[PDB]
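J.: This structure is in structure tokens; I'll ask about it shortly.
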Amino acid sequence: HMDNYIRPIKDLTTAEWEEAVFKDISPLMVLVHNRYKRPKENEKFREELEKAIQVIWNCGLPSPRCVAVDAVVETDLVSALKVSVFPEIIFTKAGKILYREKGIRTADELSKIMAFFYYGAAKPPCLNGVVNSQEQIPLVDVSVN
């Protein structure tokens with residue numbers, strides 16, 4: 001009721017990464033994409049991810065925060081997450097990692113996943129048989145000369 005619309009996928013940076021989580025306890029998803037690694041899939045992900053956010057809006061709840069980080073540019077961040085597959089949707093909450101989605105997923109199948117770790121929504125089949133693990137979020141050393 002207080003809110004209905006939510007800012008679309010924004011480009012996050014290491015400089016605003018710490019605050020993106022530490023300062024922003026709210027639910028946010030980190031989409032680590034790579035311009036060199038899987039240049040095509042990179043679009044397939046954002047395509048579904050974007051829609052996934054809209055799907056929730058209809059559900060009647062304020063979707064989480066969507067953010068994408070460049071793996072080719074933000075090498076520090078990536079190294080911190082220890083990600084190997086790209087792109088990658090690391091579902092984080094309260095400055096802590098919950099689950100890491102590695103593979104193409106539909107806006108719906110995704111919405112349920114994130115919503116399951118946020119709004120305790122239903123759990124999809126693709127996720128039902130996945131490997132998840134909780135782990136604090138690595139704080140990257142940022143310098144502001």
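Residue names in the structure tokens use chain letters A, B, ... in the order shown, residue numbers from 1 in each chain, and ligand numbers from 1 in the order shown.
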Could you list, as JSON, numbers by chain, every residue within 8 Å of stretch 27-39 of chain A, counting only C-alpha atoms and ignoring same-chain residues fewer than 3 positions away?
T.: {"A": [21, 42, 43, 64, 65, 66, 67, 68, 69, 70, 71, 72, 78, 86, 87, 88, 89, 90, 91, 92, 93, 94, 118]}
J.: Write out, as an mmCIF file, in the first residue's frame, the residues just selected, with N, CA and C atoms.
T.:
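What ended up in out.cif:
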data_model
loop_
_atom_site.group_PDB
_atom_site.id
_atom_site.type_symbol
_atom_site.label_atom_id
_atom_site.label_comp_id
_atom_site.auth_asym_id
_atom_site.auth_seq_id
_atom_site.Cartn_x
_atom_site.Cartn_y
_atom_site.Cartn_z
ATOM 1 N N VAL A 21 24.717 -2.956 0.559
ATOM 2 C CA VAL A 21 24.324 -4.055 1.432
ATOM 3 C C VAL A 21 24.358 -3.633 2.897
ATOM 4 N N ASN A 42 24.191 -13.075 -21.272
ATOM 5 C CA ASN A 42 24.136 -11.869 -20.453
ATOM 6 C C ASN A 42 22.815 -11.133 -20.656
ATOM 7 N N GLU A 43 22.332 -11.128 -21.895
ATOM 8 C CA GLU A 43 21.077 -10.459 -22.222
ATOM 9 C C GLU A 43 19.883 -11.318 -21.821
ATOM 10 N N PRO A 64 12.031 -6.633 -4.332
ATOM 11 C CA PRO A 64 13.338 -6.267 -3.777
ATOM 12 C C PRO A 64 14.098 -5.297 -4.673
ATOM 13 N N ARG A 65 15.367 -5.070 -4.350
ATOM 14 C CA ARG A 65 16.202 -4.162 -5.127
ATOM 15 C C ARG A 65 17.050 -4.932 -6.135
ATOM 16 N N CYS A 66 16.979 -4.521 -7.396
ATOM 17 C CA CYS A 66 17.739 -5.173 -8.457
ATOM 18 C C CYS A 66 19.002 -4.385 -8.783
ATOM 19 N N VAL A 67 20.134 -5.082 -8.823
ATOM 20 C CA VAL A 67 21.413 -4.447 -9.124
ATOM 21 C C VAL A 67 22.323 -5.389 -9.903
ATOM 22 N N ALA A 68 23.032 -4.840 -10.884
ATOM 23 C CA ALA A 68 23.943 -5.631 -11.703
ATOM 24 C C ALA A 68 25.361 -5.072 -11.642
ATOM 25 N N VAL A 69 26.337 -5.962 -11.491
ATOM 26 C CA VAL A 69 27.735 -5.558 -11.420
ATOM 27 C C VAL A 69 28.551 -6.200 -12.536
ATOM 28 N N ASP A 70 29.400 -5.402 -13.175
ATOM 29 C CA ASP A 70 30.240 -5.893 -14.260
ATOM 30 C C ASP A 70 31.410 -6.709 -13.718
ATOM 31 N N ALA A 71 31.523 -7.950 -14.178
ATOM 32 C CA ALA A 71 32.597 -8.833 -13.740
ATOM 33 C C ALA A 71 33.924 -8.446 -14.384
ATOM 34 N N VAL A 72 33.853 -7.925 -15.606
ATOM 35 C CA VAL A 72 35.049 -7.514 -16.331
ATOM 36 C C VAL A 72 35.633 -6.233 -15.746
ATOM 37 N N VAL A 78 33.791 -9.278 -7.721
ATOM 38 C CA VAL A 78 33.688 -10.668 -8.152
ATOM 39 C C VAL A 78 34.566 -11.575 -7.296
ATOM 40 N N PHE A 86 29.021 -16.973 -15.109
ATOM 41 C CA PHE A 86 28.512 -15.653 -15.464
ATOM 42 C C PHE A 86 27.572 -15.737 -16.662
ATOM 43 N N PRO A 87 26.450 -15.004 -16.585
ATOM 44 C CA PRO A 87 26.129 -14.167 -15.427
ATOM 45 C C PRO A 87 25.791 -14.993 -14.190
ATOM 46 N N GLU A 88 25.391 -14.313 -13.120
ATOM 47 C CA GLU A 88 25.039 -14.986 -11.875
ATOM 48 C C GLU A 88 24.175 -14.086 -10.997
ATOM 49 N N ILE A 89 23.073 -14.638 -10.500
ATOM 50 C CA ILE A 89 22.162 -13.886 -9.645
ATOM 51 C C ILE A 89 22.312 -14.299 -8.185
ATOM 52 N N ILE A 90 23.167 -13.585 -7.459
ATOM 53 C CA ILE A 90 23.400 -13.875 -6.049
ATOM 54 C C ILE A 90 22.365 -13.184 -5.168
ATOM 55 N N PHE A 91 21.423 -13.963 -4.648
ATOM 56 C CA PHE A 91 20.375 -13.427 -3.787
ATOM 57 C C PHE A 91 20.917 -13.128 -2.392
ATOM 58 N N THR A 92 21.027 -11.844 -2.070
ATOM 59 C CA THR A 92 21.533 -11.424 -0.769
ATOM 60 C C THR A 92 20.452 -10.712 0.037
ATOM 61 N N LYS A 93 20.575 -10.766 1.359
ATOM 62 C CA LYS A 93 19.610 -10.125 2.244
ATOM 63 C C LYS A 93 20.267 -9.713 3.559
ATOM 64 N N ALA A 94 20.071 -8.456 3.943
ATOM 65 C CA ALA A 94 20.642 -7.938 5.181
ATOM 66 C C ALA A 94 22.166 -7.998 5.149
ATOM 67 N N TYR A 118 12.690 -14.055 0.697
ATOM 68 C CA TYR A 118 12.299 -12.725 1.146
ATOM 69 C C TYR A 118 10.891 -12.739 1.733
#
J.: Mind checking which residues fall within 12 Å of residue A:109, counting only C-alpha atoms, ignoring those fewer than 2 positions away in the same chain, and posting them as a PyMOL selection string?
T.: chain A and resi 48-49+51-53+55-56+101+103-107+111-116+121-128
J.: Those residues you just picked out, can you put them in a file as an mmCIF file, in the first residue's frame with C-alpha atoms?
T.:
data_model
loop_
_atom_site.group_PDB
_atom_site.id
_atom_site.type_symbol
_atom_site.label_atom_id
_atom_site.label_comp_id
_atom_site.auth_asym_id
_atom_site.auth_seq_id
_atom_site.Cartn_x
_atom_site.Cartn_y
_atom_site.Cartn_z
ATOM 1 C CA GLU A 48 14.131 -12.568 -17.369
ATOM 2 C CA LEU A 49 15.399 -10.836 -14.228
ATOM 3 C CA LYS A 51 10.416 -9.185 -15.943
ATOM 4 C CA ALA A 52 10.712 -11.189 -12.724
ATOM 5 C CA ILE A 53 10.658 -7.901 -10.815
ATOM 6 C CA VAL A 55 5.764 -10.071 -11.918
ATOM 7 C CA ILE A 56 6.089 -9.500 -8.173
ATOM 8 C CA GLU A 101 21.402 -19.010 -8.994
ATOM 9 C CA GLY A 103 21.789 -20.858 -14.949
ATOM 10 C CA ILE A 104 19.077 -19.427 -17.186
ATOM 11 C CA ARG A 105 15.781 -18.918 -15.361
ATOM 12 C CA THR A 106 12.346 -17.496 -16.167
ATOM 13 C CA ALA A 107 10.977 -14.323 -14.581
ATOM 14 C CA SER A 111 10.398 -14.435 -8.635
ATOM 15 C CA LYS A 112 9.443 -17.487 -6.577
ATOM 16 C CA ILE A 113 13.081 -18.097 -5.648
ATOM 17 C CA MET A 114 13.923 -14.603 -4.404
ATOM 18 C CA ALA A 115 10.424 -14.258 -2.954
ATOM 19 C CA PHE A 116 10.995 -17.538 -1.117
ATOM 20 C CA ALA A 121 6.914 -17.231 -1.202
ATOM 21 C CA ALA A 122 6.505 -20.667 -2.783
ATOM 22 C CA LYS A 123 9.530 -22.666 -3.933
ATOM 23 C CA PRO A 124 9.762 -23.694 -7.612
ATOM 24 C CA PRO A 125 10.845 -27.138 -8.883
ATOM 25 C CA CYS A 126 14.082 -25.946 -10.485
ATOM 26 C CA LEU A 127 15.084 -24.453 -7.132
ATOM 27 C CA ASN A 128 13.648 -27.300 -5.056
#
J.: Which residue, A:26, A:58, A:134, A:63, has the smallest gap to residue A:8 when you use only C-alpha atoms?
T.: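 Looking only at the distances to residue A:8, the closest residue turns out to be A:63.
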J.: Mind checking DSSP for stretch 3-133 of chain A and telling me the strand (DSSP E) residues as a ChimeraX atom specification?
T.: /A:10-11,28-33,65-70,88-92,96-101
J.: Mind checking which residues fall within 9 Å of residue A:17, counting only C-alpha atoms, ignoring those fewer than 5 positions away in the same chain, and posting them as a list in words?
T.: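 The filter keeps residues 12, 22, 77, 139, 140 and 142 of chain A.
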J.: Find the spatial neighbours of residue A:57, counting only C-alpha atoms, within a cut-off of 9 Å - ignore same-chain residues fewer than 3 positions away - and output them as an NGL selection string.
T.: :A and (4-6 or 53-54 or 60-63)
